[PDB]
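One structure below.
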Amino acid sequence: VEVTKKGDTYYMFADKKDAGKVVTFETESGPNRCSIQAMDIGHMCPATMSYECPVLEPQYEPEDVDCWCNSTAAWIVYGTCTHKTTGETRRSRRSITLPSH
Amino acid sequence: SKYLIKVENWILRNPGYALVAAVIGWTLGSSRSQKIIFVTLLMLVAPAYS
Amino acid sequence: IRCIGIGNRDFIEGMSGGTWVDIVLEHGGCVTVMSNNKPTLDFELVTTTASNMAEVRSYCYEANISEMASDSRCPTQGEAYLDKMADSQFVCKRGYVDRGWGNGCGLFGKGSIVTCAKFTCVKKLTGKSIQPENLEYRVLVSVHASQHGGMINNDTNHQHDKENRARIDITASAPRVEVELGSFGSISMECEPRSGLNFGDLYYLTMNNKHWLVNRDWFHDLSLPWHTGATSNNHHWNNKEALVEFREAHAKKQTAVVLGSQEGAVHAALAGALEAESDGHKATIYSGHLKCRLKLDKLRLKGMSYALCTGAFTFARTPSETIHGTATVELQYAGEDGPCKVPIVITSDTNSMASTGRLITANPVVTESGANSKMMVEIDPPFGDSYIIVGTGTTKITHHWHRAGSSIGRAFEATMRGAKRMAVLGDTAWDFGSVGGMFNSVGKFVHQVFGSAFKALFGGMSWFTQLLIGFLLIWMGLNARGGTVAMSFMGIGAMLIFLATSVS
Ligand SMILES: *[C@@H]1O[C@H](CO)[C@@H](O)[C@H](O)[C@H]1NC(C)=O
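Protein chains in written order, with the deposited numbering: chain B, 1 to 101; chain C, 120 to 169; chain A, 1 to 504.
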């Protein structure tokens, strides 16, 4: 995965292949091992979900969290689409109805 | 139907003679309905002289 | 000849000396105008044209999203913040989610989470308004010139003699038009686009190369993203949350999704809607009537000065009959005498030789000087049995014809139709300006309302007996001291005198 810093904050460009595995990079504090448990992760495409995942103490188990690192809070970003066909999932099935007349 | 249209067209073709015959037959009846029958006789015999 | 095969056909006759005459045209019918010395004309309204329509509002049924971002803050930190909140193209939602030691911070309370994403409209539909000054009507004018009557000339490319047919574009800017029919002459038309379909409660909906008409109170009720009509490459949208569905909640994020194509919903909702057609940016409407006034001053005949035909006339087929009791006759002429007048008479017996009916086509004539030529005419046979005779000498041909119904029935039907027509012409019927046209107007409409029955009823149109009947009726109404017996009798007498003064 790509690791960059824009304005004193770390961005981790993670593709689809690195799904369910940890990665180690370097910060101003030192080495950082960060785990990624993204279940709905997709291929690389303009539709990119990005969310900060926070640092926590190893003596606690993750709860409703699919990303955690231990140096600081790290911002993760990854595409969300199917088979690199340039198409989002858009599986909402809201089926909004309109008045007849 | 078959004869009404013919006599109607005949009346509309020469209404003067028809009105003359009608006013002649009007004064030759004993009762009102009898006068009507007498003028309808002329109305019916009007198309064919024979 | 454009008015032959039409279900909704009328008949308008004006005064002999009356140049002006008013008519009403329906989008599904036709009008036939005849006179004593003028050739028969046939008016039809083809299409209502709407052009240069302004845009009012545009909706977006199918949309896409990209660059979803979120930010979460737990208690003792305040509201969440994102730089993309201030941008009009990015939509976000706020919420509160439960947090704890498992999520990063200590205090046991709910925090503030915000999530926004871009919004790009891939497909959209548009709504236009219709103004009266944009409408433009098209009326075709045909002339009964004893044409062959063949339907081989559908478009306007060729096979349309410019002296036999014409097209007129009535606009709201200039309602006065001058029509040139070539050798026949010129006419004037003043049409008033009034009493049509209301266009203050209708919107022209364009969607997926298709078009509809919708109600204004319903167009604003639709729950979809929208934006007004502003010429620009990137537009600001409102109420786009109706197309972007956010998940319930998550301790660190929120994943939004976009709805699919709502084309099916719109197609289902517009089932009971009116439809139309369009070419480029112009639209075509098939509903709406029109009122017009025609001035026939320079209109004349074409073959009034021609001679008679000394050749051989023959029928080309059995004469057909239309729904209005009119008979079309298709003749074939043999000989080379040039354009000559067609001698045709209608009587009750071969020995009578007395004109009993009228002709819908005035001055029937042959158009070319060929050896074996063809022509067509349209006549109105009298009720009952009749004989059509064509030609003179020992070569004249005869044909039997029959027509059901009654003269009084047709007279009453025509009178009721004329009364309905005069009732439709509520405004712009008379003129209250300069004096001298008021008596002309009252005479004109009493003629247009009672001549159909006058011609059918009062004998053989002698023009001499009717005047005497009118005079004696006026005298009978004059020598009467009782009320309500002199006014009505004098009115009927004057009506009959005027109707005999007109053309019979
Ligand atoms: C993060 O945790 C890993 C786990 O072994 C450790 O190797 C690394 O040094 C930690 N980072 C720090 C303490 O900055």
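The beta-carbon is built from N, C-alpha and C at its ideal position, and this holds for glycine as well.
Top-ranked residue by Cα proximity to residue i, from the options
i: A:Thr-318; options: A:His-402, A:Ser-261, A:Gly-95; result: A:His-402
i: B:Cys-81; options: B:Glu-63, B:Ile-41, B:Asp-64; result: B:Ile-41
i: A:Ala-456; options: C:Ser-120, C:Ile-130, C:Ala-140, C:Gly-144; result: C:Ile-130
i: A:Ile-152; options: A:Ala-362, A:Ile-1, A:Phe-383; result: A:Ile-1
i: A:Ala-362; options: A:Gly-5, A:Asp-42, A:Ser-186; result: A:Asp-42
i: A:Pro-364; options: A:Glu-192, A:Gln-147, A:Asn-157, A:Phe-184; result: A:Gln-147
i: A:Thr-255; options: A:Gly-95, A:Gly-493, A:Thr-49, A:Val-46; result: A:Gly-95
i: A:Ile-23; options: A:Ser-183, A:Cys-191, A:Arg-165, A:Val-143; result: A:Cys-191
i: A:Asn-8; options: A:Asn-234, A:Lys-162, A:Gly-29; result: A:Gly-29
i: A:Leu-213; options: A:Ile-4, A:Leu-274, A:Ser-195; result: A:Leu-274
i: A:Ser-373; options: A:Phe-458, A:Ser-407, A:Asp-337; result: A:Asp-337
i: A:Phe-219; options: A:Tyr-203, A:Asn-440, A:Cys-340; result: A:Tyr-203
i: A:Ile-360; options: A:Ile-346, A:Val-377, A:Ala-354, A:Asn-351; result: A:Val-377
i: A:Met-15; options: A:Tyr-333, A:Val-33, A:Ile-388; result: A:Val-33
Residue range of the unbroken beta strand (DSSP E) whose run includes residue i
i: A:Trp-463; result: Looking at the DSSP string, A:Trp-463 is not in any beta strand (DSSP E), and its letter there is neither H nor E.
i: B:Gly-79; result: 74-79
i: A:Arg-99; result: From DSSP, A:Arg-99 is part of no beta strand (DSSP E); its letter is neither H nor E.
i: B:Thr-4; result: 2-5
i: A:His-399; result: 397-403
i: A:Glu-180; result: 176-180
i: B:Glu-52; result: 48-53
i: A:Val-114; result: 110-118
i: A:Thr-314; result: 312-315
i: A:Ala-256; result: 256-258
i: B:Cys-69; result: 67-69
Residue i - DSSP class collapsed to helix/strand/coil
i: A:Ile-187; result: strand
i: A:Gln-332; result: strand
i: A:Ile-65; result: coil
i: A:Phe-471; result: helix
i: A:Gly-127; result: strand
i: A:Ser-232; result: coil
i: A:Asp-380; result: strand
i: C:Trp-145; result: helix
i: A:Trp-237; result: coil
i: A:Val-424; result: helix
i: A:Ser-35; result: coil
i: A:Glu-248; result: coil
i: A:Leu-359; result: strand
i: A:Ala-480; result: coil
i: A:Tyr-387; result: strand
i: A:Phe-199; result: coil
i: A:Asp-71; result: strand
i: A:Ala-307; result: strand
i: A:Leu-25; result: strand
Beta bridge counterpart(s) of residue i as assigned by DSSP
i: A:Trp-20; result: A:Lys-295
i: A:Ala-283; result: A:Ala-50, A:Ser-278
i: A:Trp-212; result: A:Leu-205, A:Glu-275
i: B:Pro-31; result: B:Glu-26
i: A:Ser-142; result: A:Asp-42, A:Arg-165
i: A:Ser-373; result: A:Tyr-333
i: B:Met-12; result: B:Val-3, B:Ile-76
i: A:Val-365; result: A:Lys-341
i: B:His-101; result: B:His-101 is not bridged to any residue.
i: A:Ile-170; result: A:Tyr-137
i: A:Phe-11; result: Looking at the DSSP assignment, A:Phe-11 forms no beta bridge with any residue, so it has no partner.
i: A:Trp-226; result: A:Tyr-59, A:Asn-238
i: A:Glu-321; result: A:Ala-327
i: A:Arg-94; result: A:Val-114
i: A:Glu-192; result: A:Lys-291
Opening and closing residue of the alpha helix (DSSP H) in which residue i lies
i: C:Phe-157; result: 151-164
i: A:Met-438; result: 438-457
i: A:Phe-498; result: 486-501
i: C:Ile-124; result: 123-132
i: A:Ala-80; result: Counting along the chain, A:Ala-80 falls outside any alpha helix (DSSP H), and DSSP gives it neither H nor E.
i: A:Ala-265; result: 263-269
Note to self: Taking beta-carbon pairs under 9 angstroms, can you tell me which members of the region 133-147 of chain C lie near chain A?
What the structure shows: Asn-133, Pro-134, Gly-135
Next item on the list: Considering only heavy atoms of ligand 3, list every residue whose Cβ is less than 6 angstroms from one of them, following chain order.
Entry: Of the ligands one can find in the structure shown, namely ligand 1, none is ligand 3.
Next item on the list: Give the residues from the region 32-52 of chain B that approach chain A closer than 8 angstroms (Cβ to any Cβ), ordered along the chain.
Entry: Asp-40, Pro-46, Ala-47, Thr-48, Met-49, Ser-50, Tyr-51, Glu-52
Next item on the list: May I ask you to list, following chain order, the residues of the region 433-464 of chain A that have a beta carbon less than 7 angstroms from some beta carbon of chain C?
Entry: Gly-459, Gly-460
Checklist line | Where the region 52-63 of chain B meets chain A: residues whose CB sits under 9 angstroms from a CB there | finding: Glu-52, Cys-53, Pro-54, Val-55, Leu-56, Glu-57, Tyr-60, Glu-61, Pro-62, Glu-63
Notebook entry, point to check: Got a sec: which bits of the region 210-232 of chain A sit with their beta carbon under 9 angstroms from any beta carbon on chain B, in order along the chain?
Noted result: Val-214, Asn-215, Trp-218, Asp-221, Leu-222, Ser-223, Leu-224
Checklist line | Residues, ordered as in the chain, of the region 57-70 of chain A that lie near chain B by beta-carbon distance below 8 angstroms | finding: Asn-64, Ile-65, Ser-66, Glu-67, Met-68, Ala-69, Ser-70
Notebook entry, point to check: In the region 379-392 of chain A, which residues sit with their C-beta less than 9 angstroms from some C-beta in chain C, listed in chain order?
Noted result: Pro-382, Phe-383, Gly-384, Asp-385
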